[PDB]
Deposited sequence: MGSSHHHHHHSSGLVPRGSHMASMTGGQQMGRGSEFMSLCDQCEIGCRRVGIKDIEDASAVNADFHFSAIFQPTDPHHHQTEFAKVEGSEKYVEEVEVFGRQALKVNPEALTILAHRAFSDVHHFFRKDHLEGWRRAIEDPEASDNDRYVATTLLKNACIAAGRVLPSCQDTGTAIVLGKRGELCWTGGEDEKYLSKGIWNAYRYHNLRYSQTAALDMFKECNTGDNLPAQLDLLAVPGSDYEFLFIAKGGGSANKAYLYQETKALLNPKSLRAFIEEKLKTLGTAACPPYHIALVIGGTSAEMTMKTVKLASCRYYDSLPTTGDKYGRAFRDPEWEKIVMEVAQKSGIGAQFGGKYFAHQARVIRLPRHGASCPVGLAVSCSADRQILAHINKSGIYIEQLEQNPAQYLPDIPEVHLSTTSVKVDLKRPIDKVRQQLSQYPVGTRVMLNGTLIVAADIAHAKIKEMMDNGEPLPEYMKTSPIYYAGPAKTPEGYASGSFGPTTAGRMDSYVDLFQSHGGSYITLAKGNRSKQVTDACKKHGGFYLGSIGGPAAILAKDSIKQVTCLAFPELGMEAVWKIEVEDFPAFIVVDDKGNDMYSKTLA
């Protein structure tokens, strides 16, 4: 006989385990009515604007307790490495700055994602996408965030949209008369560490699956600012469903699923395999960015049904800029998840490098030290990320020289958020280094980019380039954009390509800017053992 079984059967579908705050007076936006014997809720669509505006403000200044507790664990665990403790302390101090509500926790204020669940009898007037987008627009326009969206005018010609739109608006039709939401401000670096694998039944045994996990976790590297919330989804009804599920799992949205399967194919969380993922992450030695135990805060593993011919697998992370917030609109008004507004309660050796010297003397100083050495940088950085590198390569392909401004100072891969009134800099942490790997040998062959500063492990071509050309790659801590702006970045000026907005080439002056020597001029790489 027919038995309907929903794939997802959370025991807490409305997220009662989360603490919510009411938006004061917001009952004025809703009215209970009855039509054809059924209870319905009229919702003024301005409620959607108000809610999205608050969500995409709050999430940039505060974190959940589970995330903060993870950093505290990395500080207090005797098994944490010294670098684990240093990185987690830096990230907690960054969170304390961000809680001042001026500087966002990361310069990459993300793509705005809305998962909405509109009841059959929740009546908004139907212009939900426009009103949510207006709230998002307000959040990014009137706060010190960043416009991160790139429009395609044609296949290759691009421009920044200038407002962090469009958003990803996934509005679902569900039972009832309420409107439920998950808002995510998703960083690009962690979005890029969402991977889909097309596997088979041959994977589905303990030995094969553990070996697969060990291999795939290393491909995350440190490129998305660990400690990570790691999510792994085994199975699914389509690739897109697997990838949606792994995103939501990384946001802890599926924490209340059953922990056993059944003959109807329901989804389940698998605590045994979560523990295995954590053991693999800890034993990998990758650590909280620079070697140790704290590659991961926690793990979520969701097993899904599959077509017999298929086994899609999703792997994804939430990075240090772990930013999501639940909300709902009901007969009592607008409710939004309460994040931790006092992160300070979770709080309990270097070589000084003067960059205000000829770059060849800086190279000479760095050559004295092994990979893993912590340095403190003082002086000028030239800032250039993806679009600037591509434009400069295009100029060189058309016969122009590498610009002189690429030869005078170390190159910092970064893109700043907007500058608060009275501040020298907005949040201004590093970009993922690996995306620039194809340029390093070329630029060094033309006399520049001998020292680069960014975050994440890099490919072998960069290690080889630095050995051939007497170069270095310095790893900033990834994620602490607010404390870097507040304490280290003293002056920012636009140097080239002003038309590119935040993706222009900048000239910045820094003090006490921490980094580790990741790649030296001798063929060595701090990550060569843990990310072999």
Sequence ranges without modelled C-alpha atoms (deposited numbering): 1-63, 412-420
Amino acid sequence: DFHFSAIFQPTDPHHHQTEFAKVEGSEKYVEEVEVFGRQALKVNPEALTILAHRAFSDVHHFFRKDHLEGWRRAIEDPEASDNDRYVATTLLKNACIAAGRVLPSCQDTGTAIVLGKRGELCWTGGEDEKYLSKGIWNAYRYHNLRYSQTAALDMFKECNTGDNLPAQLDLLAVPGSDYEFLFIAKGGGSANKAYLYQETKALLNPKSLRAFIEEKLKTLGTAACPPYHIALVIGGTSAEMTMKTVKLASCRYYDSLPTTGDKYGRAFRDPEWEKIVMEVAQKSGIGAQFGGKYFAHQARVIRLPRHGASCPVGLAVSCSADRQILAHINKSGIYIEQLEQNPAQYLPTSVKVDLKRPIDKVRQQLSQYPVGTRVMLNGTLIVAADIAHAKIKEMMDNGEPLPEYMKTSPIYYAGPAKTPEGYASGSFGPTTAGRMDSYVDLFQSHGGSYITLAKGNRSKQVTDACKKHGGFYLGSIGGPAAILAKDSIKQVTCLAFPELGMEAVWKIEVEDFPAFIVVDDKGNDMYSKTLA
From here on, numbers count along this sequence of modelled residues.
479-487 set against 500-508, stretch whose average Cα temperature factor tops the other in the entry: 500-508
Selected stretch [higher average CA B-factor]: 439-447 or 272-280: 439-447
C-alpha B-factor winner, where the candidates are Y294, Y413, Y423, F181: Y423
Residue of maximum C-alpha B factor among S148, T408, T432, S133, per deposited coordinates: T408
Relative C-alpha B-factor of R64, binned into the chain's lowest, middle or highest third: lowest
For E400, the third of its chain into which the C-alpha B factor falls: highest
CA B-factor ranking of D322, expressed as a third of its chain: lowest
CA B-factor ranking of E199, expressed as a third of its chain: lowest
Chain-wide C-alpha B factor ranking for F212, given as lowest, middle or highest third: lowest
